[PDB]
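Structure file protein15.cif (mmCIF, C-alpha atoms) is printed below.
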data_data
#
loop_
_atom_site.label_atom_id
_atom_site.label_comp_id
_atom_site.auth_asym_id
_atom_site.auth_seq_id
_atom_site.Cartn_x
_atom_site.Cartn_y
_atom_site.Cartn_z
CA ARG A 4 -4.93 -2.07 -20.13
CA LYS A 5 -2.55 -5.02 -19.84
CA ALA A 6 0.19 -5.17 -22.44
CA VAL A 7 0.13 -8.05 -24.92
CA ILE A 8 3.73 -8.83 -25.83
CA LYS A 9 3.68 -9.92 -29.47
CA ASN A 10 7.40 -10.47 -30.10
CA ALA A 11 10.37 -9.88 -27.85
CA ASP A 12 14.13 -10.38 -27.82
CA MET A 13 14.68 -8.79 -24.45
CA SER A 14 15.15 -9.65 -20.79
CA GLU A 15 12.01 -10.06 -18.69
CA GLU A 16 12.96 -7.09 -16.50
CA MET A 17 13.57 -4.85 -19.50
CA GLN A 18 10.27 -5.98 -21.06
CA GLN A 19 8.49 -4.98 -17.86
CA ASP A 20 10.32 -1.66 -17.88
CA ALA A 21 9.19 -1.07 -21.47
CA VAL A 22 5.56 -1.74 -20.53
CA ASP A 23 5.80 0.43 -17.41
CA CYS A 24 7.33 3.26 -19.44
CA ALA A 25 4.68 3.06 -22.17
CA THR A 26 1.98 3.05 -19.49
CA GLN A 27 3.23 6.39 -18.19
CA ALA A 28 3.52 7.72 -21.74
CA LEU A 29 -0.09 6.76 -22.51
CA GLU A 30 -1.28 8.59 -19.37
CA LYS A 31 0.55 11.75 -20.46
CA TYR A 32 0.13 11.84 -24.25
CA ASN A 33 -2.47 10.99 -26.86
CA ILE A 34 -0.29 11.71 -29.93
CA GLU A 35 1.66 8.64 -31.07
CA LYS A 36 4.84 10.65 -31.79
CA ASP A 37 4.87 12.00 -28.21
CA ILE A 38 4.35 8.52 -26.76
CA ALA A 39 7.20 7.22 -28.92
CA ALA A 40 9.52 10.09 -28.01
CA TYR A 41 8.85 9.68 -24.29
CA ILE A 42 9.70 5.97 -24.43
CA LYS A 43 12.73 6.40 -26.70
CA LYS A 44 14.24 9.14 -24.53
CA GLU A 45 13.68 7.16 -21.32
CA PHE A 46 15.37 4.08 -22.76
CA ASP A 47 18.32 6.10 -24.11
CA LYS A 48 18.85 7.43 -20.58
CA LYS A 49 18.37 4.18 -18.63
CA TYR A 50 19.91 1.69 -21.06
CA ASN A 51 22.28 3.86 -23.20
CA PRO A 52 21.63 4.99 -26.79
CA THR A 53 20.52 4.35 -29.38
CA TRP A 54 16.84 3.43 -29.16
CA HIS A 55 14.03 3.93 -31.69
CA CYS A 56 10.31 3.79 -31.02
CA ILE A 57 7.29 3.45 -33.33
CA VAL A 58 3.76 3.76 -31.91
CA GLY A 59 0.73 3.24 -34.09
CA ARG A 60 -2.61 1.68 -34.81
CA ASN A 61 -1.68 0.44 -38.27
CA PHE A 62 1.85 -0.12 -39.54
CA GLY A 63 4.38 -2.76 -40.49
CA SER A 64 8.12 -2.57 -40.03
CA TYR A 65 11.42 -4.22 -40.86
CA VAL A 66 14.37 -3.21 -38.69
CA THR A 67 17.74 -4.42 -37.44
CA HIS A 68 18.24 -4.53 -33.68
CA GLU A 69 21.00 -5.40 -31.26
CA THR A 70 20.52 -8.85 -29.79
CA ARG A 71 18.35 -8.81 -26.65
CA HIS A 72 17.08 -5.25 -27.36
CA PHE A 73 13.79 -5.62 -29.24
CA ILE A 74 10.18 -5.62 -28.08
CA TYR A 75 6.90 -5.34 -29.97
CA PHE A 76 3.73 -5.20 -27.90
CA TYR A 77 0.14 -3.94 -27.82
CA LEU A 78 -1.03 -1.58 -25.09
CA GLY A 79 -4.46 -0.02 -25.16
CA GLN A 80 -5.20 0.81 -28.79
CA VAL A 81 -1.62 1.10 -30.10
CA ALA A 82 1.16 -1.23 -31.17
CA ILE A 83 4.58 -0.23 -29.86
CA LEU A 84 7.89 -1.23 -31.43
CA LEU A 85 10.96 -0.36 -29.35
CA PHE A 86 14.48 -1.42 -30.26
CA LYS A 87 18.16 -0.51 -30.06
CA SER A 88 20.37 0.01 -33.12
CA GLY A 89 23.41 2.27 -33.36
CA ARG B 4 0.81 7.88 -57.26
CA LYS B 5 3.40 10.64 -56.83
CA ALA B 6 5.29 10.60 -53.56
CA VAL B 7 4.76 13.50 -51.17
CA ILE B 8 8.00 14.02 -49.27
CA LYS B 9 7.01 15.15 -45.79
CA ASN B 10 10.43 15.43 -44.12
CA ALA B 11 13.86 14.58 -45.45
CA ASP B 12 17.50 14.80 -44.41
CA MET B 13 18.86 13.13 -47.51
CA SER B 14 20.41 13.92 -50.88
CA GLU B 15 18.02 14.54 -53.77
CA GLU B 16 19.33 11.48 -55.63
CA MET B 17 18.89 9.23 -52.61
CA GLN B 18 15.39 10.63 -52.03
CA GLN B 19 14.51 9.74 -55.62
CA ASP B 20 16.00 6.28 -55.12
CA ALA B 21 13.86 5.82 -51.99
CA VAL B 22 10.70 6.75 -53.92
CA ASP B 23 11.65 4.53 -56.87
CA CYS B 24 12.33 1.63 -54.51
CA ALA B 25 9.04 2.05 -52.64
CA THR B 26 7.21 2.24 -55.98
CA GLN B 27 8.52 -1.20 -56.91
CA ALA B 28 7.70 -2.51 -53.43
CA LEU B 29 4.10 -1.27 -53.70
CA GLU B 30 3.71 -3.04 -57.07
CA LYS B 31 4.90 -6.31 -55.54
CA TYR B 32 3.43 -6.33 -52.03
CA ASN B 33 0.28 -5.26 -50.25
CA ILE B 34 1.44 -6.11 -46.70
CA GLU B 35 3.22 -3.18 -45.02
CA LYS B 36 5.90 -5.42 -43.46
CA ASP B 37 6.84 -6.81 -46.89
CA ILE B 38 7.01 -3.31 -48.40
CA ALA B 39 9.23 -2.21 -45.50
CA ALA B 40 11.48 -5.26 -45.75
CA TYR B 41 11.92 -4.85 -49.50
CA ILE B 42 12.98 -1.20 -49.09
CA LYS B 43 15.20 -1.84 -46.06
CA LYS B 44 17.05 -4.71 -47.75
CA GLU B 45 17.58 -2.73 -50.97
CA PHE B 46 19.02 0.23 -49.08
CA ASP B 47 21.30 -1.99 -46.97
CA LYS B 48 22.70 -3.40 -50.21
CA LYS B 49 23.04 -0.14 -52.19
CA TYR B 50 24.02 2.24 -49.40
CA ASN B 51 25.51 -0.07 -46.70
CA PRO B 52 23.80 -1.11 -43.45
CA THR B 53 22.06 -0.36 -41.27
CA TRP B 54 18.66 0.83 -42.51
CA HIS B 55 15.23 0.58 -40.89
CA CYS B 56 11.87 1.00 -42.58
CA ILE B 57 8.36 1.59 -41.21
CA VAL B 58 5.36 1.53 -43.57
CA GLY B 59 1.88 2.31 -42.32
CA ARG B 60 -1.40 4.12 -42.56
CA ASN B 61 -1.39 5.32 -38.96
CA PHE B 62 1.67 5.63 -36.74
CA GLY B 63 4.02 8.08 -35.09
CA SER B 64 7.71 7.60 -34.48
CA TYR B 65 10.77 9.00 -32.73
CA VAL B 66 14.12 7.75 -33.99
CA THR B 67 17.78 8.69 -34.23
CA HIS B 68 19.34 8.71 -37.69
CA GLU B 69 22.72 9.34 -39.22
CA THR B 70 22.95 12.81 -40.73
CA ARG B 71 21.75 12.90 -44.36
CA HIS B 72 20.06 9.45 -44.07
CA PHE B 73 16.41 10.09 -43.20
CA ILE B 74 13.29 10.36 -45.33
CA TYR B 75 9.60 10.34 -44.44
CA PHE B 76 7.14 10.43 -47.33
CA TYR B 77 3.64 9.44 -48.43
CA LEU B 78 3.11 7.15 -51.40
CA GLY B 79 -0.32 5.86 -52.32
CA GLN B 80 -2.11 5.12 -49.05
CA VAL B 81 0.92 4.57 -46.80
CA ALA B 82 3.45 6.70 -44.96
CA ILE B 83 7.02 5.43 -45.26
CA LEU B 84 9.82 6.19 -42.81
CA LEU B 85 13.28 5.06 -43.95
CA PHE B 86 16.47 5.86 -42.07
CA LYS B 87 19.98 4.68 -41.24
CA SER B 88 21.19 4.02 -37.68
CA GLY B 89 23.85 1.53 -36.61
CA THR C 468 27.25 -5.81 -31.42
CA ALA C 469 25.47 -8.91 -32.72
CA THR C 470 22.15 -8.07 -34.38
CA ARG C 471 18.99 -9.60 -35.80
CA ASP C 472 16.59 -8.47 -38.51
CA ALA C 473 12.95 -8.43 -37.43
CA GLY C 474 9.61 -7.50 -38.98
CA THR C 475 6.30 -6.53 -37.38
CA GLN C 476 2.82 -6.23 -38.83
CA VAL C 477 -0.52 -5.06 -37.42
CA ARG C 478 -3.02 -7.62 -38.71
CA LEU C 479 -6.80 -7.71 -38.65
CA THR D 468 28.69 9.28 -37.30
CA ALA D 469 26.85 12.52 -36.53
CA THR D 470 23.14 11.95 -35.88
CA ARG D 471 19.84 13.74 -35.39
CA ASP D 472 16.69 12.82 -33.48
CA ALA D 473 13.51 13.04 -35.55
CA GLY D 474 9.81 12.40 -35.01
CA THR D 475 7.03 11.66 -37.49
CA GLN D 476 3.26 11.64 -37.08
CA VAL D 477 0.38 10.72 -39.39
CA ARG D 478 -2.18 13.47 -38.84
CA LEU D 479 -5.77 13.84 -39.96
#
Translate this file's structure into structure tokens.
Amino acid sequence: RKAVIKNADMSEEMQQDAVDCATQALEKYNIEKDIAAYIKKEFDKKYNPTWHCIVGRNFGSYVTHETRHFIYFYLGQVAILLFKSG
Amino acid sequence: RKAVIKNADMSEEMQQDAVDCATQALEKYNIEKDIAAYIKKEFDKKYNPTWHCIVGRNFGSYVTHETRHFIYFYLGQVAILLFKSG
Amino acid sequence: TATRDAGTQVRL
Amino acid sequence: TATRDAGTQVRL
């Protein structure tokens, strides 16, 4: 599947890194929590804490994120929200 | 509906405030984003920033939260994750 | 340290 | 300023 980026406040290279990371997570895990945790932990390590990740087929959200550290995209059957705060 | 608290790291009084707040949000809004935004904005105001809220029928998450500022509960047909970070 | 508030929604 | 990591999952 190709990611559909629905809303981003993030550099193009970091957006591509987010999609690449989620692609590996989807190969490894079918449980949304595991996908989220894989992505969150990778981004903490590569881009410093503190990241938060929500993965789901049906949810809404309202969050506060550091400027340039927000992406919300569809990949396969899940929506993925990934952002930095704190 | 009575809330079912699934996981909390939060004072009993704040947990009850979270449930009371979500109850008002569910009366006012049917869109998950609006429910989330109502709760997040109320908690920013009452308990200081920075709160984040996810409301959904089907999602997983992995987040980092300040100690004693995390609750995850079911209310009606939605799961609600509310936590403080940053 | 600048921030933004943002909402998301899965829509049918 | 102490924190914890936490996961949630809607399960059937």
> Got a sec: who's within 8 Å of segment 27-38 of chain B, counting only C-alpha atoms, leaving out chain neighbours fewer than 2 positions off, as a PyMOL selection string?
Replying inline: (chain A and resi 62-65) or (chain B and resi 23-25+40-42+57-59) or (chain C and resi 474-476)
Please evaluate the PyMOL selection byres ((chain C and resi 470) around 9) against the displayed coordinates and give the resulting residues as a short mmCIF file (atom, residue, chain, number, x, y, z; two decimals) with C-alpha atoms, in the frame of the given file.
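Written output follows (expr.cif):
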data_model
loop_
_atom_site.label_atom_id
_atom_site.label_comp_id
_atom_site.auth_asym_id
_atom_site.auth_seq_id
_atom_site.Cartn_x
_atom_site.Cartn_y
_atom_site.Cartn_z
CA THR A 67 17.74 -4.42 -37.44
CA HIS A 68 18.24 -4.53 -33.68
CA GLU A 69 21.00 -5.40 -31.26
CA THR A 70 20.52 -8.85 -29.79
CA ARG A 71 18.35 -8.81 -26.65
CA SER A 88 20.37 0.01 -33.12
CA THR C 468 27.25 -5.81 -31.42
CA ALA C 469 25.47 -8.91 -32.72
CA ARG C 471 18.99 -9.60 -35.80
CA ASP C 472 16.59 -8.47 -38.51
#
> Quick one: of A:60, A:11, A:39, A:86, who's nearest to residue 477 of chain C, counting all atoms listed in the file?
Replying inline: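 Smallest separation from residue 477 of chain C among the options: A:60.
Against this structure, the PyMOL selection byres ((chain B and resi 74) around 10) ends up with residues 8, 9, 10, 11, 12, 13, 14, 17, 18, 21, 22, 56, 68, 71, 72, 73, 75, 76, 83, 84, 85, 86 and 87 of chain B.
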>> Between atom CA of residue 78 of chain A and atom CA of residue 6 of chain A, what distance in Å does the model show, to one decimal?
In response: 4.6 Å
>> Using all atoms listed in the file, can you tell me which of A:4, A:16, A:66, A:89 comes closest to residue 54 of chain A?
In response: A:89
> Could you state the separation of atom CA of residue 473 of chain C and atom CA of residue 20 of chain B in Å, given to one decimal place?
Replying inline: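 Here the two named atoms are 23.2 Å from each other.
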Provide an axis-aligned box for all listed atoms of segment 82-88 of chain A, padding each side by 8 Å; report its centre and its edge lengths in Å to one decimal, as AutoDock Vina command-line options.
--center_x 10.8 --center_y -0.7 --center_z -31.2 --size_x 35.2 --size_y 17.4 --size_z 19.8
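Candidate residues B:55, B:50, B:5, B:45 were compared for distance to chain C, and the nearest is B:55, using all atoms listed in the file.
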>> Can you measure atom CA of residue 52 of chain B to atom CA of residue 52 of chain A for me? One decimal in Å is fine.
In response: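 Atom CA of residue 52 of chain B sits 17.9 Å away from atom CA of residue 52 of chain A.
Between chain A and the candidates B:49, B:43, B:79, B:7, the tightest atom-to-atom separation, counting only C-alpha atoms, involves B:43.
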>> Using all atoms listed in the file, can you tell me which of A:44, A:26, A:51, A:61 comes closest to chain B?
In response: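 Smallest distance to chain B is found for A:61.
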